[PDB]
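Reading through the structure tokens given below for one structure.
Protein chains: 4
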Amino acid sequence: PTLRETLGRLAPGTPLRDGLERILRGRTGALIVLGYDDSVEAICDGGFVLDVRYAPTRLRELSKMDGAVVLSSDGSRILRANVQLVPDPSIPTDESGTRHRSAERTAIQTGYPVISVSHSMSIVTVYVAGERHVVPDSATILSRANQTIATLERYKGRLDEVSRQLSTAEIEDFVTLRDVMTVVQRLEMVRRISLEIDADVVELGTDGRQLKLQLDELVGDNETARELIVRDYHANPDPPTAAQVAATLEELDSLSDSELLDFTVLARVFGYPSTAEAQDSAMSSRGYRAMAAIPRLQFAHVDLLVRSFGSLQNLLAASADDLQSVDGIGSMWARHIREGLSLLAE
Amino acid sequence: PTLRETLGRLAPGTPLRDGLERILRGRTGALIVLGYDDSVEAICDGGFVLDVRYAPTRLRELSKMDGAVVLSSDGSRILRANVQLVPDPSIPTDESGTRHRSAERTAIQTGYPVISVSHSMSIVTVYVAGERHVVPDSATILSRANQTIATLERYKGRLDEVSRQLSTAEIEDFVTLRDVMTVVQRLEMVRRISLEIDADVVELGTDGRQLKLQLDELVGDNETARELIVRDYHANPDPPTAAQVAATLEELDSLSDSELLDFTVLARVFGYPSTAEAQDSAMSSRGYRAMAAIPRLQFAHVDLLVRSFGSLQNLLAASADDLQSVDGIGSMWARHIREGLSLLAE
Amino acid sequence: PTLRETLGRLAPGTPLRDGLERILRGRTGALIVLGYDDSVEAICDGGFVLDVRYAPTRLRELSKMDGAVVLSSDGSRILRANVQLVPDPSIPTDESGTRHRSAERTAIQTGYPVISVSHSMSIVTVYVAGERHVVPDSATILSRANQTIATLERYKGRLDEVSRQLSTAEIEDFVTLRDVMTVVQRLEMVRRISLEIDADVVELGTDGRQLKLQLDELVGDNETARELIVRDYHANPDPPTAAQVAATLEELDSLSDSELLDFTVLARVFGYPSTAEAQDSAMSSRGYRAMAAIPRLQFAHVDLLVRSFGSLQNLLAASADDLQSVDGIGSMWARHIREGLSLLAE
Amino acid sequence: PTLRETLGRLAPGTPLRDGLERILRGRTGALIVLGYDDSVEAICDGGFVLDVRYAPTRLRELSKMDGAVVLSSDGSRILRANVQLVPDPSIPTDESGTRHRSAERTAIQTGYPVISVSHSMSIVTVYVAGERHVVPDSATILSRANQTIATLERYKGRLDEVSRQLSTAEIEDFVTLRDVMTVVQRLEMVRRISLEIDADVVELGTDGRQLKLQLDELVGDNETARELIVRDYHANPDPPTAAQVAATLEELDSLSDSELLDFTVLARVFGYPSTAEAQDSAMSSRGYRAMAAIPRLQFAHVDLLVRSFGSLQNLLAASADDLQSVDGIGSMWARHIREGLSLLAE
């Protein structure tokens, strides 16, 4: 199935890695296959059947019978052992060594994991989804995670300073395309780095029970800010809806970093002029990003206010009772809203 | 056992940190209990009795015994090593890792901090008073301090320009509540950030011997200015005494940011009408700010002059021998005071 | 060899550090010792005699041969191997470990550079001058140097602005004690930080071949600035001489920072009324400071002009040809000085 | 502390051997000094004084502290750990290596064994009594033990068939010195090889608990045969007394292979003319061996009858009453003696 689900099960703490480390410290080989179907049974021959509940020591001891062990897809039922796996000898494989050739060919024929641990060494190999992947030690994972994290707060500092510059320019509004789109591309690139580090966090699983904590405490409200900026900044006669936001996010994720750093591509994702003067073109915020800072506000009334106003300049020039004129808005609530708005203009 | 005393005890330069860094270079784990008592004895079982003076080499060598190194109360006497810990497991535990769980359980059992270093990773944790913390590398804390120092100079410059404007108003006295109170409003935050950075400075201890001098040069006379502004800018029948000043500053430190960003809450803090028009209310300064800059001036003379005058206008308009007629004021001493007042009139 | 000459030989690029690195990558012990006296032979035993030219591989192999290698005092010819460095047990040593205890006692008995690399780690150790210095990886050195560069460049900024203010004031000279020695305090601070970064670059050697560029670009003229300020400003009836200037320089260097931040001590080093009533005392500039800005001008001319004038205000009031009236001065040559000095007023 | 007592103490089953195997499985070093005298205390310095009860796990843990582990003289307490071994360097040595030279010097300075288990290696070394012994794997010990038990059993077969031939020639009243003392020739060398087997068995200890019973069932009665033959076949006026028999035993044991393989030397040990005619000479027998095979006999009665008769011919010529007429001999025993003698005469 999915590589970043079999690796997730292959995260430490899970019983599978308990068995794997038991095998590794026992200084012996292993050939573990997860799952059972018609094709797995059809290929595997010359092996016993156990039909017992998975335990950490069953795998460790059963690996010693000089053969492959076939499991249940949930890793619960050990229903085959000692078996030689004899897949189609026509499937192309590049490994050298009968153990690894069999592992790769079986993983190609049936998509289930075929984990191989070479004897006399400490190497764990995963053959999921037609990609070989040596299991690395936690030291290298943590080291590369540390470098990526450091570069991540570098990105965070840059993005935060650009965002605060945008906020300052907005609260005395004179806003062009360049600053907004630089904010957008910084947000997209920090999102990409966040996703990569999240994949690394999934790979760690539980040994590094701090990387996701640092991601939460550093990246923060990335997705909410992304949604707000997409809903606000979109060149359409009317503000986009949730479906349009999702479509724009999909388009942004589809384009690569080369298109991410290209201003024209980001312009045409929302839909902007492609001329060099578009970057010099100025526009006013719909207000979503600016007034999102006010707490205890529901999105329905936010959208209603945006529809009733249209631009952030209208809200800035709104009278004391102008907000009360909007449907569904009370007197004290609107008066309490202006208290936050008033301090922002300072 | 407060957190910000074990943090100081673990600061670089202290021999305990030397032992810790040697252990870190050893690529092996640690389990250090900075205290022994009857509860520790109940937990402790199956170990050696050493009673040797502390040495980073000795600590590094003992930390290879796969157990617990039980230092004395002050962390200067090794008492037990290779001691297995059997704390009560009924108490809640949220740590991920048997060693960390046992260490936290022991720290809950007795009021002694416990430090654990994971095997093959350079992490270090503190379990003081039930609080979980990770001691970070000098690079991260130095970067954080450098980042916050910029906001420190920004706050100091804002307070400086506010104070200069206030003094320019004073020489042609016309005082409103907002102008006379924004100085304290900035003083509170600058002192809060000063103490926040000083916590990091004392955490460094000796490694970051530049942040201490930076805070020395940047904070300046923040405390004296705060005390004098409390003495002067308070609408009370009589100038505040030492007890009154202490109570008011304690109230100022008690209030949170929600009680700080609003000048009106601060107005109730000093004691003022809660009406909005009170922001435009006027009052006569005691005169501390203008004449506090006179060189070779004792605070007792300042307080006596404030008590005998009660306003800055009387001091400014004081005649040549008006100050000399005040009891305890000599002839030459009185002349020098008026020299500053006449010069400051520009 | 001094401590900061052994560290220089142990700086990267040097052949000895190359051999140390080859040993470190070889993951094997090494006990390399430098020098050849009667005591080195009287302690070493159990080894061969070679007399072949030094190379990066000879020490590596003879260290792989599980013994201590002895080297010529210049580290150029190898004449022992395999030796067992056996000093007396009378010399105290708190290290735990036979190899390192032998290295420490060897260094104490014979003040020579003995290198004690431990296997299973990447640690390089030297026990010279009564202390052991763990040679650090380039990362930590670069980190601390980069941290120091920020403080030092802030210091150059403070010096330049304070000194420019003092020079502009001295154009219409009215001198106060605090104003005349704040410049000296800041100059001594920047000198001390320059020396500290010099120690860092000495221990760094050639991997960080950029901090020398930073210092050369930044500090520029500091020792000449100290010389000029002491020569121009030194209250004593006879003109200060080179010996007197140097003596004052090491007198300043002898002062502690606690002694540096007190104006009384800095005054009595130069020689001033130490009373608190001399803070407003003023004196005329001797002529070194302001007039030293003239390009293509020798120091002997400066000294003879000072002898002819003895002050700077009289130079300001000097005519255009009285400079020519000075011995050894022509007309057109003197016209250059007056034009430059006149432009110095603004 | 003999070599073949500490070798036995190191044999499997002994807790010391269990601790040694625990250390070996841990792939860590050990420098274990079996004993604690004031000289050892004068050599051991720089460590922890423990004085705890011995346990294999305690030894395994202490061996990780990278030093010397001094056990008590009987190997019951671990009373020093991580102590430095600084012996007298004036002691001559042939080893080359700090551990292997310091161990030998400590062994020479005080005769206690110094077991060294070099890390990452499976080798165990013993330095007892001034020679070096390497503790071997049990497989080689069993291999050599069986290889030599085979030649022992073939020696025993030749010995007892020659003894049967001697008995057959003995009951004819003709005696030749060569036939008499070739049995002693066989017996001495069989005793030597038996001592070799016993040394191998002591080295094994408990793993090879089959060689001991193999010895007990092959060597059979050897000391009794030796003492009986030396008491019977000796050229002296009267049969040797217990002290005389014992002295002849050590005289026989004193000679070496080159002298045992020579018939004349062994004859001279008995006491005989140097001529080869003595080999052809005929002597009377004391009858000890001939009638020693009779069951239910008392040594005192055998000695009394031999003294009263002197020769086996007198035993043959003795009547039923004559044996009973001898004091201390019963009537039913007298006929039984002849009954066995009559059977032996056939």
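Chains as they are written, first to last, in the deposited numbering: chain B, 19 to 364; chain C, 19 to 364; chain D, 19 to 364; chain F, 19 to 364. Cβ coordinates follow ideal geometry from the N, Cα and C atoms, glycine included.
Q: Return the chain-ordered list of same chain residues with a C-beta closer than 7 Å to the C-beta of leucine 68 of chain C, the five sequence neighbours on each side being excluded.
A: The answer, listed in chain order, is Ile96, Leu97, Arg98, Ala99.
Q. Around the C-beta of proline 313 of chain F, are 16 or more other C-beta atoms found within 10 angstroms, so that it is buried, or is it exposed?
A. When all chains shown are included, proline 313 of chain F counts as exposed.
Q) With DSSP run on the structure shown, which of helix, strand or coil describes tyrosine 54 of chain D? A) In this structure, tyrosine 54 of chain D counts as coil in the three-state DSSP scheme.
Q | Reduced DSSP secondary structure (H/G/I, E/B, other) of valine 67 of chain D | A | Reduced to three states, the DSSP call for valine 67 of chain D is coil.
Q. Hey, how far is the Cα of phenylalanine 327 of chain C from the Cα of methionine 199 of chain C?
A. Cα-Cα distance, rounded: 22 Å.
(Q) If I measure Cβ to Cβ from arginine 22 of chain F and keep anything under 8 Å in the same chain, skipping five residues before and after, which residues do I get? (A) These residues qualify, in order along the chain: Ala217, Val220, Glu221.
Q. Going straight from the alpha carbon of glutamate 241 of chain F to that of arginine 204 of chain F, what length do you get?
A. Linking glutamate 241 of chain F to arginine 204 of chain F through their CA atoms gives a straight-line distance of about 13 Å.
Q.
Distance cutoff 8 Å, beta carbons only. Does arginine 43 of chain C sit that close to anything in chain D?
A. Yes - at least one Cβ of chain D is within 8 Å of the one on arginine 43 of chain C.
Q) For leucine 160 of chain C and chain D, any beta-carbon pair shorter than 8 Å? A) At least one CB of chain D lies nearer than 8 Å to the CB of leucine 160 of chain C.
Q.
Helix, strand or coil, according to DSSP, for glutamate 149 of chain C in the structure here?
A. The answer is strand: DSSP assigns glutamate 149 of chain C an E or B state.
Q.
Between the alpha carbons of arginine 71 of chain D and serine 90 of chain C, how many angstroms are there, rounded?
A. In a straight line, the C-alpha of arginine 71 of chain D is about 54 Å away from that of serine 90 of chain C.
Q.
Under 8 Å, Cβ to Cβ, is there at least one residue of chain D near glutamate 79 of chain C?
A. Closer than 8 Å to some Cβ of chain D, the Cβ of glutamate 79 of chain C qualifies, so yes.
Q.
Any C-beta of chain C within less than 7 Å: which residues of the region 109–139 of chain D qualify?
A. Answer set for the region 109–139 of chain D: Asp112, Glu113, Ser114, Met139.
Q | For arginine 95 of chain C, the first and last residue of its enclosing beta strand (DSSP E) | A | Membership of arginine 95 of chain C in the beta strand (DSSP E) is indicated by the continuous run 95–99.
Q. Of all the options B/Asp298, B/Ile347, B/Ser274, B/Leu42, which has the alpha carbon lying nearest to the alpha carbon of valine 153 of chain B?
A. The residue with the shortest Cα to Cα distance from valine 153 of chain B is B/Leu42.
Q: Report the partner residues of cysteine 62 of chain B according to the DSSP bridge assignment.
A: According to DSSP, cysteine 62 of chain B shares a beta bridge with B/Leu103.
**Q.** Alpha carbon of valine 142 of chain D to alpha carbon of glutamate 122 of chain D, nearest angstrom
**A.** Rounded to the nearest angstrom, the two C-alpha atoms are 13 Å apart.
Q: Would you list the one or two residues that DSSP bridges to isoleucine 133 of chain F?
A: In the DSSP assignment, the residues bridged to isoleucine 133 of chain F are F/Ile50.
Q | the region 206–227 of chain B: positions lying closer than 7 Å to chain C by Cβ | A | Listed in sequence order: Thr224, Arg227.
Q) Does the distance from the C-beta atom of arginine 78 of chain D to that of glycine 53 of chain D stay below 8 Å? A) For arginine 78 of chain D and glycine 53 of chain D, no; Cβs fall outside 8 Å.
**Q.** Residue from D/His137, D/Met83, D/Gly93, D/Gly64 with nearest C-alpha to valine 104 of chain D
**A.** Scanning D/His137, D/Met83, D/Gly93, D/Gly64 for the CA closest to the CA of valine 104 of chain D turns up D/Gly64.
Q. Is the Cβ of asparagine 100 of chain D closer than 8 Å to any Cβ of chain F?
A. Yes, contact with chain F.
Q: Please work out which residues of its chain come closer than 8 Å, Cβ to Cβ, to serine 292 of chain C, disregarding the five sequence neighbours upstream and downstream, and give them in chain order.
A: Residues of the same chain with a CB within less than 8 Å of the CB of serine 292 of chain C, apart from the 5 flanking positions on each side, are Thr282, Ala285, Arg286 in chain order.
Q.
Against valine 104 of chain F, what residues of chain D qualify as contacts under a CB-to-CB distance less than 7 Å, listed in chain order?
A. What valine 104 of chain F touches in chain D: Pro107.
Q: Mind reading off the beta-carbon distance from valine 202 of chain C to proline 257 of chain C? Whole number of angstroms is fine, and I expect it under 8 Å.
A: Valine 202 of chain C to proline 257 of chain C, Cβ: 16 Å. No contact.
Q. Any Cβ of chain C within less than 8 Å of the Cβ of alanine 163 of chain B?
A. Cβ-Cβ to chain C under 8 Å: no for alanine 163 of chain B.
Q: Going by DSSP, name the residue or residues bridged to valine 142 of chain B.
A: Answer by DSSP bridge pairing, in chain order: B/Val135.
**Q.** As assigned by DSSP and simplified to three states, the class of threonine 128 of chain C
**A.** Correct three-state label for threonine 128 of chain C: coil.
(Q) Measuring CB atoms only, is the region 23–34 of chain B touching the region 222–231 of chain B, in the sense that at least three cross pairs come out at less than 8 Å? (A) With a cut-off of 8 Å, the region 222–231 of chain B and the region 23–34 of chain B count as touching, because enough Cβ pairs lie within range.
Q | Through-space distance from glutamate 171 of chain B to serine 161 of chain B, alpha-carbon basis | A | In this structure, the CA atom of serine 161 of chain B is about 16 Å from the CA atom of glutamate 171 of chain B.
Q.
Output needed in chain order: residues of the region 58–74 of chain F with a Cβ under 7 Å from some Cβ in chain D.
A. Cβ contacts with chain D come from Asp63, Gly64.
Q: Determine the chain C residues that contact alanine 157 of chain B at a beta-carbon separation under 9 Å, and present them in chain order.
A: Taking a Cβ-Cβ cut-off of 9 Å, the neighbours of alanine 157 of chain B in chain C comprise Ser138, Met139, given in sequence order.
(Q) Between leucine 233 of chain C and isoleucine 215 of chain C, how many whole angstroms is the CB-CB distance? I'm expecting something under 8 Å. (A) Indeed, because the Cβ distance is near 6 Å, the residues count as touching under 8 Å.
(Q) Counting only beta-carbon separations shorter than 8 Å, does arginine 353 of chain C have a partner in chain D? (A) Closer than 8 Å: no.
Q. Going along the chain, which residues of its own chain have a beta-carbon closer than 8 Å to the beta-carbon of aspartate 298 of chain B, five neighbours each way excluded?
A. Excluding sequence neighbours, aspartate 298 of chain B sits near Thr194, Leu195, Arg196.
Q: Would you list the one or two residues that DSSP bridges to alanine 243 of chain C?
A: Answer by DSSP bridge pairing: none, since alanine 243 of chain C is not bridged.
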